[PDB]
Amino acid sequence: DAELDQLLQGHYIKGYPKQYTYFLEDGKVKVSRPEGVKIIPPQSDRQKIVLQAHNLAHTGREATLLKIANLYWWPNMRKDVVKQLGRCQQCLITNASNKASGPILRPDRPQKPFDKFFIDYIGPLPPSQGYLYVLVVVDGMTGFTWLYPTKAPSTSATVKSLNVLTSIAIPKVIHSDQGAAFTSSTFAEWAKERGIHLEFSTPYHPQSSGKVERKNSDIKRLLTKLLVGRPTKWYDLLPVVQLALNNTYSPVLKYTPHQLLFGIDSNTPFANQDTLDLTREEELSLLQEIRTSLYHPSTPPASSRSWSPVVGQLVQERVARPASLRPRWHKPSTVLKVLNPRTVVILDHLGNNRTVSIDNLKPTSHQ
Amino acid sequence: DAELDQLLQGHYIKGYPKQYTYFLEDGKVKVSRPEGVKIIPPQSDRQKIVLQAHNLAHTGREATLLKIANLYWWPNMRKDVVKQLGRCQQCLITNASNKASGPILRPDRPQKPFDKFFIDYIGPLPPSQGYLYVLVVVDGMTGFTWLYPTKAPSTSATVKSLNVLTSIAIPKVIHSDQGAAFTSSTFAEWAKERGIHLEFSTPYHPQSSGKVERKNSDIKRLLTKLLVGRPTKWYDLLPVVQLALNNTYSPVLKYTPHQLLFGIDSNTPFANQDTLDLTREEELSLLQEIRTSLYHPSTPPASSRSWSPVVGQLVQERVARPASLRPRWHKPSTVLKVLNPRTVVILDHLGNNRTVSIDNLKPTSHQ
Amino acid sequence: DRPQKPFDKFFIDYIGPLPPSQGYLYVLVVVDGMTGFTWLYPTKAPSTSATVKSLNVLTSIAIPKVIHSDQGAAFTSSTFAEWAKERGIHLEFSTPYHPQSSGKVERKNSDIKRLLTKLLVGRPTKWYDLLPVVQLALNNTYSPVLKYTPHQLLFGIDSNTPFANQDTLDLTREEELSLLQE
Amino acid sequence: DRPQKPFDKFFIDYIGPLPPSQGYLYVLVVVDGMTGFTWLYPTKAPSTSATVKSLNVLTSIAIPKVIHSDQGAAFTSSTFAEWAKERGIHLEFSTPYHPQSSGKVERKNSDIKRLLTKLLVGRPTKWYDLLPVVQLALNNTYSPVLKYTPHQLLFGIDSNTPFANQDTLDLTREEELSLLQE
DNA sequence: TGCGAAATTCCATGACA
DNA sequence: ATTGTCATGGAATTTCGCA
DNA sequence: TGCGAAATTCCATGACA
DNA sequence: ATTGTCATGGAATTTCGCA
Ligand SMILES: COC(=O)CNc1c(C(=O)NCc2ccc(F)cc2F)c(=O)n(O)c2ncccc12
Ligand SMILES: COC(=O)CNc1c(C(=O)NCc2ccc(F)cc2F)c(=O)n(O)c2ncccc12
Ligand SMILES: [Mg+2]
Ligand SMILES: [Mg+2]
Ligand SMILES: [Mg+2]
Ligand SMILES: [Mg+2]
Ligand SMILES: [Mg+2]
Ligand SMILES: [Mg+2]
Ligand SMILES: [Zn+2]
Ligand SMILES: [Zn+2]
């Protein structure tokens, strides 16, 4: 009222351009703008107007302004619109993001065999000999894979299988997702007794176990081919598939996982015989050079509209299993620490510290 | 034998380079190559060798050759390898494609309202007033949407809802996916009685109904926002959501679906009043110009490794619901006709003619 | 003064009681004043509840500035007044025993009553299923004054169902005998 | 002549019958000739079936060129010969009553028999669970001749479980009294 | 004839089972 | 016999208010 | 010192619930 | 407190056989 009063008599007010005529009509301050005559509401009514227009269909910036512009005008309207969008809890937790995650990391290949195992379960598969699942264990450095059929993705089945595997060697680190078989206290005690450090993917991010996931693809692809035109009796094929994949060349590496593990082929078809005249010591010397000269990929280019996390930034975690007609995002949380450009610790929506992947985060819009 | 015989005595044979020495040892023709001494098998044994090496793990071109190269050499080995890869039925139907589909078409917006309806079902939703599904009807030209709650995605529920809708106007064409409610003979008879042509998406390709699918997203997004912190009673919100979306501005169009349909806002909040001084005839004249000047997107750039179908090409249709450990692709079929760069008729794996999207096809590898 | 426009004024009235047709006895008639476009809603009673339920369907498509009706109890109730007030709809009533609308709306409501009568005979209990085709006929009827159909004035295009063959709209001699018997 | 290599020759033999441990009575011992690496498989019988089942696990990790054994019935059966022939494995038998292997394999099999005896006393029915730690100990044992453990010669790296404290491998006075009582 | 800022346009991102 | 679509919010671009 | 062709390398595509 | 991966087959590039 007071601000609009001096505008009616001709005094200049910052934000209101002077070249327009501000008159009164029907008890309302109006202005003749190129798009037409618009009502200038007092400052004390603009928040309610923005809220009424936005709440019609919970529209974004432009779709909300187009509604308001049909009747009203005032300085810096979109500023007030964005101010309401950032305060509408329903939009913040339901809307999608339009900013992609930063480019993926390509973490270093483990230096030695048995430095880091990646493990995961496949299944449920069609029942074969009473078995439904396959425990998959891939050595990070070599890609050498062990297959164990199980009746359940349970801790007890994991421990039994790994007790057999660890008869050959004990790994430094075992990496796995946060499935129930690997997060139980029983499995943690099993690893501590053997000096094995357990490493866990961020939740709901199978990329982090990509080493084994990618092997799972090859396992099921070969099983599918061998089972064409036959009933899905896969139990007896696991040893075949294990041996077949462990002696398959990687075209970019020029070596098989067996070769990276032992430095010499065993009595398998088409065995390589290049080191036949070398001694075992000379063979192992060549093997050490091969392990260190393997091709390693680099981080891809960031997309044109990616975001990277910053300490103190407001971010929102993706809802794990969102119910029907329920929001896909949690309420905003704060980035406590940036472990790497793709991994952060947030002050969780429950109050806890949570280590998550930025693939399961979006930056809260409108700051 | 005969070809390898003249090679042992020093005669030149095409394909075998002359600068190498071809000798005999252990009853086998061998050659000293830079990588080492390799066995040269006779022509009559090379197919079996390629097959044995490939069948170890059903490997691709390079991974199969690396096996063969460990022991043997002969002219143009990869040529024989590719010849076997193109004949291995298990690989052709199980392997993935590495050639993307051609760029998407952006078909013309229908010229007039009621020229083409797009219809689809949403659900099952949480039970609200005994209802589980929502029939969605979007006019192609305007985007104006009608919402009907149903207890099942059935033909009877579709006919009842469309009999109410068609009280206002009859559309030329109704487009829908191949769901059961829209493909029944009862629904076909219903449309023929009213002069409505039924148009069907290619199977398993919701992109083709993208007009309604995109509206389904907005419908569920607004329902989610309105139901935050409340039980999911969505039945009474359908009329609200319908009105709210039909009067929401599209930022790229600068108009609401209601405006594109009627040329004037009804008594809704923030109604536009720009044509208040025009007559209805002048209003409808401006509306006709607006309908013809709407922004239309163009075909995006093709990706660097896309494929486009050609008449007579061997292609494979994606398996609809592939069972566990079963191939993801059907046996090769032939392209009969190219309706458009993204749609073809194939001689189906059952012997029938099938109109499919190239998104559900891959080109058969190795010709 | 501003030229007349669609959604400026909706004229509403009840037709009935009719013979039962799938449990419905009345028809709520809604006519847009400017275009003459007609919406028909079957109800079981000429009550406020039935009126609000039917108009909630229509007002989820378009909201009028003014609703006009006579002094019927369904329209003058405090509940219906609150319903209109919640939607920003002004209610306008004609003087008791002096129904007043417009020439176009008067003639349109005449056509509706006559078209229903012509199709009631022979099948008086099957009018619920015929309501869609009745509205299409009414809304694609050429207007001598405006020289456009209601469909054309409302959507600004031609229709896909142009009604060129007009029903006689007068009962044939055999239709009159069957109506006197009923 | 070509230098000796891993997988050139696997030496196999049965140890047993042992006290029952979770239903198993025998141990199939497999030793790689070049590295001395040891695999232990518990079986319920020294039969061809039990041998094929255990070696199918091992031969899904690595296949030897030659398998060496004595003239035991499980190893000289026509079924086991067909099994080896299907995998391209040549079977090599020692002369009856004249067991012949290598100094490294002889001493390795001596260590296995002694290490098992030292851990059998006090818990003669719990050796099934101890088979993993037994192989780790054997395969991470320093070789005086080759100056490398079997683990080092097989994988070309150091191990994450280096066994620095050697068991006495000789029964203590109290362990001898408990073994005589059993 | 040019400046700083507001307003408009652009468009990558992601979801419709 | 058929075919993706478009709300969203930071960024890039254009226009505006003034001189 | 250069040519045609074979061989090798490159790398976008897609799937691991 | 953690992090994508790699077989695949046309295409692009390099090497080979010969002069
Ligand atoms: C995105 O999917 C998820 O949120 C997690 N799903 C699992 C997946 C999963 O979704 N795998 C698919 C998949 C998607 C993207 C990738 F980059 C890798 C994958 F394996 C999984 O492979 N395993 O082993 C799981 N194990 C336990 C619990 C969940 C999963
Ligand atoms: C790829 O998913 C399919 O094969 C088809 N699924 C359906 C989908 C579906 O998968 N929708 C998701 C979806 C994915 C990609 C798109 F470009 C649009 C979509 F709606 C659907 O929306 N409707 O309505 C269906 N109706 C009947 C039968 C199937 C669907
Ligand atoms: Mg998992
Ligand atoms: Mg997995
Ligand atoms: Mg559908
Ligand atoms: Mg759909
Ligand atoms: Mg009345
Ligand atoms: Mg023996
Ligand atoms: Zn909102
Ligand atoms: Zn194959």
Side-chain angles (χ1 to χ4, degrees), chain A residues 17-19 59-63 75-76 78 82 85 95-100 104-107 120 122-123 143 199-202 205-221 248 250-253 297 303-305 337 339-345 353 355 357 365-366, chain B residues 17-19 59-63 75-76 78 82 85 95-100 104-107 120 122-123 143 199-202 205-221 248 250-253 297 303-305 337 339-345 353 355 357 365-366:
Chain A
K18 178 71 177 184
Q19 53 173 115
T59 46
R61 185 220 307 147
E62 291 306 309
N76 305 320
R78 284 175 175 83
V82 174
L85 302 186
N95 281 350
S97 174
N98 56 10
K99 289 113 182 64
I104 63 171
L105 293 169
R106 306 311 304 270
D120 187 35
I122 296 177
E199 197 185 50
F200 293 103
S201 297
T202 47
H205 196 247
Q207 287 188 11
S208 299
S209 291
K211 208 84 174 188
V212 155
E213 304 295 357
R214 187 49 174 87
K215 186 69 62 173
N216 292 342
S217 181
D218 291 334
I219 297 166
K220 305 178 75 176
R221 179 159 60 99
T248 283
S250 173
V252 69
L253 300 185
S303 72
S304 60
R305 297 185 184 174
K337 187 174 177 57
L339 308 182
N340 60 52
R342 301 258 308 162
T343 319
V344 297
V345 185
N353 285 18
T355 300
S357 167
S365 292
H366 323 293
Chain B
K18 178 71 177 184
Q19 53 173 115
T59 46
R61 185 220 307 147
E62 291 306 309
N76 305 320
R78 284 175 175 83
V82 174
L85 302 186
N95 281 350
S97 174
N98 56 10
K99 289 113 182 64
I104 63 171
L105 293 169
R106 306 311 304 270
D120 187 35
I122 296 177
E199 197 185 50
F200 293 103
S201 297
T202 47
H205 196 247
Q207 287 188 11
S208 299
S209 291
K211 208 84 174 188
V212 155
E213 304 295 357
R214 187 49 174 87
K215 186 69 62 173
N216 292 342
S217 181
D218 291 334
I219 297 166
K220 305 178 75 176
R221 179 159 60 99
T248 283
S250 173
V252 69
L253 300 185
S303 72
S304 60
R305 297 185 184 174
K337 187 174 177 57
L339 308 182
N340 60 52
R342 301 258 308 162
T343 319
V344 297
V345 185
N353 285 18
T355 300
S357 167
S365 292
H366 323 293

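Computed from heavy atoms alone, side chains included, the values below leave out hydrogens, waters and symmetry copies. In the text below, chain A, chain B and the rest are named by the order of the sequence lines, each starting its count at 1.
- Look at E/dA17: its glycosidic torsion is within 90° of 0, and that puts it in the syn range.
- A residue-by-residue look at A/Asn353 and A/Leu105 shows that A/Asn353 has its nearest nucleotide of DNA chain H further toward the 5' end.
- The B/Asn340 side chain lies nearest to F/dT3 when the options are E/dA7, F/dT3, F/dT8.
- Counting only residues at least two apart or in different chains, salt bridge (charged side-chain N to carboxylate O under 4.0 Å, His left out) contacts with residues 205-214 of chain A comprise A/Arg214-A/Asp218.
- Judged as a side-chain hydrogen bond (donor to acceptor under 3.5 Å, both in side chains), and not counting sequence neighbours, A/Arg61 has no contacts.
- One atom, CD1 of A/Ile104, and another, P of H/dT3, lie 13 Å apart when rounded to the nearest Å.
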Heteroatom pairs (N/O) under 3.5 angstrom, protein to nucleotides 2-6 of chain G:
from: G/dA6; atom 1: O5'; to: B/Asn76; atom 2: OD1; distance (Å): 3.4

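- Here A/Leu105 contributes atom CG and A/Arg342 contributes atom CZ; the two are 7.0 Å apart, rounded to the nearest 0.5 Å.
- When distances run from any side-chain atom of B/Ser365 to the nucleotides F/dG9, F/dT3, H/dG10, the shortest one goes to H/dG10.
- Each of A/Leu339 and A/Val252 lies near DNA chain H, and the nucleotide nearest A/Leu339 is the one positioned closer to the 5' end.
- In this structure, the nucleotide among F/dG4, H/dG9, H/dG4 sitting nearest to the side chain of B/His366 is H/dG9.
- Evaluation of the side chain to side chain contact (heavy atoms under 4.5 Å, CB included) rule for A/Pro341 yields no partner, not counting sequence neighbours.
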Dot-bracket notation for DNA chain F, counting Watson-Crick and G-U pairs under 3.5 Å, with | for partners on another strand: ...||||||||||||||||
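- Applying the side-chain hydrogen bond (donor to acceptor under 3.5 Å, both in side chains) rule to A/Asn95 yields the partners B/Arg221, B/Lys225; only residues at least two apart in sequence or on another chain are considered.
- The structure places CD1 of B/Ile219 at 4.5 Å from CD1 of B/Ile122, a figure rounded to the nearest 0.5 Å.
- Stacking between F/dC18 and F/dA19 holds, as the six-membered ring centres sit under 5.5 Å apart and the ring planes differ by under 30°.
- Scanning all heavy atoms of the two residues, the minimum distance from A/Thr202 to A/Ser208 falls at OG1-OG, 3.8 Å.
- In this model, the phosphate group of F/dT2 is not approached by any side-chain N or O of B/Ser201 to a distance below 4.0 Å at OP1 or OP2.
- Scored by the side-chain hydrogen bond (donor to acceptor under 3.5 Å, both in side chains) test, A/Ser357 finds A/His205 as partners (sequence neighbours excluded).
- Closest approach to the B/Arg221 side chain among H/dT2, F/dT3, F/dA7 is made by F/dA7 (side chain taken as heavy atoms from C-beta onward).
- Residue A/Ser304 has no polar side-chain atom (N or O) positioned under 4.0 Å from OP1 or OP2 of E/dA12.
- Considering only residues two or more places apart in sequence or on other chains, B/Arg305 meets the side-chain hydrogen bond (donor to acceptor under 3.5 Å, both in side chains) condition with none of them.
- For the pair A/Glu199 CD and H/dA1 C1', the interatomic distance rounds to 10 Å; values are reported in whole Å.
- Separating the CG atom of B/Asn95 from the P atom of H/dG9 is a distance of 6 Å, rounded to the nearest angstrom.
- In this structure, B/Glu62 places its CD atom 12 Å from P of G/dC10, rounding to the nearest Å.
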What are the atom names and distances for every N/O pair under 3.5 Å that joins the protein to nucleotides 11-16 of chain H?
none

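- Spacing between atom NE2 of B/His205 and atom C1' of F/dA1 amounts to 16 Å, rounded to whole angstrom units.
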Show each protein N/O and nucleotides 14-17 of chain G N/O combination with a separation under 3.5 Å, one pair to a line.
from: G/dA17; atom 1: OP2; to: A/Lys220; atom 2: NZ; distance (Å): 2.5

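- Side chains of B/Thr248 and A/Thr59: a donor-acceptor N/O pair is absent below 3.5 angstrom, by distance only.
- Atom-to-atom, CD1 of A/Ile219 to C1' of H/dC6 comes out at 13 Å; the value is rounded to the nearest Å.
- Not counting sequence neighbours, A/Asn98 has no partner by the side chain to side chain contact (heavy atoms under 4.5 Å, CB included) test.
- When the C1' atom of H/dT5 is taken as reference, atom CG of A/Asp218 falls 10 Å away, rounded to whole Å.
- When distances run from any side-chain atom of B/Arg106 to the nucleotides F/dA1, F/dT5, F/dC18, the shortest one goes to F/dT5.
- Considering only side-chain atoms of B/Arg342, the nucleotide from F/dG4, E/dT9, F/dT8 that sits closest is F/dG4.
- B/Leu253 has its CG atom 13 Å from the P atom of F/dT5, to the nearest Å.
- For B/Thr202, counting side-chain heavy atoms from C-beta on, the closest listed nucleotide (G/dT8, F/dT3, F/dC6) is F/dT3.
- Taking the side chain to side chain contact (heavy atoms under 4.5 Å, CB included) definition, one finds that B/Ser97 meets it with B/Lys99, B/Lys362, B/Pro363, sequence neighbours left out.
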